[PDB]
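Asks: Here it is, the structure, as structure tokens.
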Amino acid sequence: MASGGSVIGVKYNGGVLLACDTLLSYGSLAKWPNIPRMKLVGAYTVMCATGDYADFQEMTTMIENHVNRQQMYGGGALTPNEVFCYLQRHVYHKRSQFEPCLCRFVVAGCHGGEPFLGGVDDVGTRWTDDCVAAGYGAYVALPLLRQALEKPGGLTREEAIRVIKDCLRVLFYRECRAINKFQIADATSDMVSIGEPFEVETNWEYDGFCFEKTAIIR
Amino acid sequence: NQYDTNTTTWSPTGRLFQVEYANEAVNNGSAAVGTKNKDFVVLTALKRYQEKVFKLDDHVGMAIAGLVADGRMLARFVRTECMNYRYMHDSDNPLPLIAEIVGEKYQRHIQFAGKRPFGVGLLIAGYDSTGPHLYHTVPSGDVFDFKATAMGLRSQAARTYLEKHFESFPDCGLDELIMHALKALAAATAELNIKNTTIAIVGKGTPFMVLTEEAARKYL
């Protein structure tokens, strides 16, 4: 029961960012620190999930195959919105058989210069929005992305990166089952691209963290 | 003729006879016509009150010729395919995929002993992300993609007229296109009016629709 932690995403002017770390855990064990968790689905779309990695693999396989087959047999290239709809129907169906997909998905993409971002949870709940997250992202990240998007006229690409990294840094600080190693995908100009892994700068040197002040007994 | 009872018997010259006979059921129904410009398709049909035009989803409908009980079956079938599709995808069943699956349903009824051919032709007209589309399906399972055609009785004449004019149809507006579809359907004949002629339209901006007797008065 290889399982993925937090995923986060944010829309900016011209596209959308999705980010996660490259770790699969098993309970508390950090088992694989070099797994690429994001999956390209078709021409415009990218998905990721928190939860059971086996259930993510199975569900994205099924989806990627529908999308590639539909395109190859004359039925055109499915869009983010269509992919998203099909995902939510299958999540729901499985819940309805009591054999759930124990994952929470975030889906992103760009078609017709309109960026998509939405979430689907394991009983089939779906929503779109300017910022979505799964895992401890929903508790730790969303308060920051939401504050950031309060500004009027929206976010530039660079301001969207800065705030994505601050969230990453807090996950790394406060989420147990994480690591300092992340990728970002960027949907923009009707195509998705996945970056190389990177690390964020952290702080550990405050005077209030020193040995004498944190000592339980003087 | 020893070779013309069942669908599962080739003849020594490589013909399927029962399949050609099902094809006569179409040549002997009432004429229907279809045509298309850059952004619409028009069906017209000469009713001989007989349902001859059905809507299959928001963006697609068809005219039939031949055995109506067969038409109604093919309609329950396409309607259920489009709904399924829109439930799964939230968008329109693409039209090439409708044509494929109709073609294949027909074909299965011409190769087994426990299935009868379908004795009904369709003109399928729709509109999706790749523009307007007019398909003809016949009982052999063939599926043509046309810029204009006609099926049913005396429908050769409709076909001849269309052959002189279709090259101009890319440029026409929705009103001349409708008229061309009527002069064609007229050529297959009592005269046309709002109690014996149907007009349906689909295209950009325009969910598939049969004109009421009011709107049709203008054209007729």
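Note: ideal-geometry Cβ built from the backbone for every residue, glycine included; neighbour counts use all protein chains shown. Nothing in this text is a laboratory measurement; each read-out follows from the coordinates by a stated rule.
Asks: 7 Å from Cα along Cα→Cβ at both A:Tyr139 and B:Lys183: what's the point-to-point distance in nm?
Replies: The two pseudo-label positions are separated by 7.5 nm.
Asks: Let me ask something additional. Listing A:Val192, B:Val33, B:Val19 from the residue with the fewest other Cβ atoms within 10 Å to the one with the most, what is the order?
Replies: On the way: A:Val192 24, B:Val33 30, B:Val19 18.
Lowest count first: B:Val19, A:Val192, B:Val33.
Asks: Along the charge dipole of the stretch B:55-155, pointing to its positive end and built from +1/-1 on Cβ of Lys, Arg, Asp and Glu, which listed residue (B:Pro139, B:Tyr87, B:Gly103) has its Cα farthest out?
Replies: B:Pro139
Asks: What distance in nm lies between label points placed 7 Å from Cα along the C-beta direction at B:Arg217 and A:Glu201?
Replies: 7.9
Asks: So for the protein assembly as shown, taking the charge dipole from beta-carbon charges (+1 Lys/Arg, -1 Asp/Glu), which of B:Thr13, B:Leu43, A:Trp127 sits furthest toward the positive end?
Replies: Selected residue: B:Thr13.
Asks: Related question: If the only charges are +1 at each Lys and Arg Cβ and -1 at each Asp and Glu Cβ, what is the size of the charge dipole of the protein assembly as shown around the Cα centre, to the nearest 20 debye?
Replies: Charge dipole of the protein assembly as shown: 1080 debye, to the nearest 20.
Asks: Right, next: Debye sum, Cα scatterers, chain A, no solvent: what log₁₀ I/I(0) at q = 0.10 1/Å?
Replies: One equal scatterer on each Cα of chain A leads to -0.45.
Asks: Magnitude of the Cβ-charge dipole of the stretch B:98-220, K/R +1 and D/E -1, about the Cα centre, nearest 20 debye? Please report the intermediate quantities before stating the final value.
Replies: On the way: 13 positive and 13 negative charges, 96 e Å.
That gives a dipole near 460 debye.
Asks: Kindly put A:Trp127, A:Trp32, A:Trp204 in sequence by how many other C-beta atoms sit within 10 Å of each C-beta, fewest to most.
Replies: Result, fewest neighbours first: A:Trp204, A:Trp127, A:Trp32.
Asks: For the stretch A:1-121, what ratio Rg/Rh do Cα atoms give with a Kirkwood hydrodynamic radius? Let's see the in-between values first.
Replies: Details: Rg = 14.6 Å, Rh = 14.9 Å.
When Rh is taken as the Kirkwood radius, the ratio is 0.98.
Asks: Given 37 °C and 0.692 mPa s, compute D for the protein assembly as shown with the Stokes-Einstein relation, Rh being the Kirkwood radius over Cα pairs; round to the nearest whole µm²/s.
Replies: Approximately 128 µm²/s, per Stokes-Einstein.
Asks: For chain B, what is the mean residue ellipticity at 222 nm derived from helices alone (per DSSP H run of n ≥ 4: -39500 (n - 2.57); sum divided by total residues; nearest 500 deg cm²/dmol)? Mind dumping the intermediate values first?
Replies: Numbers: 6 runs with 78 residues, N = 220.
Taking each H run of at least 4 residues, the total per residue is -11000 deg cm²/dmol.
Asks: Towards the positive end of the charge dipole of the protein assembly as shown, with charges on Cβ (+1 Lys, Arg; -1 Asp, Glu), say which of B:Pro117, A:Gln97, A:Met59 has the farthest Cα.
Replies: B:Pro117
Asks: Which whole-angstrom value gives the distance between the alpha carbon centres of the stretch A:3-39 and the stretch A:146-218?
Replies: Cα centroid to Cα centroid, the span is 13 Å.
Asks: D for the stretch A:52-100, whole µm²/s, Stokes-Einstein with Kirkwood Rh over alpha-carbon pairs at 4 °C and 1.567 mPa s: what number?
Replies: 112
Asks: Taking just the alpha-carbon atoms of chain B, what radius of gyration and Dmax come out, in angstrom?
Replies: 17.4, 56
Asks: Take the alpha carbon atoms of the stretch A:53-170, find their radius of gyration, then divide it by 2.2 N^0.38 Å using N residues; give the quotient.
Replies: The stretch A:53-170 yields a ratio of 1.19.
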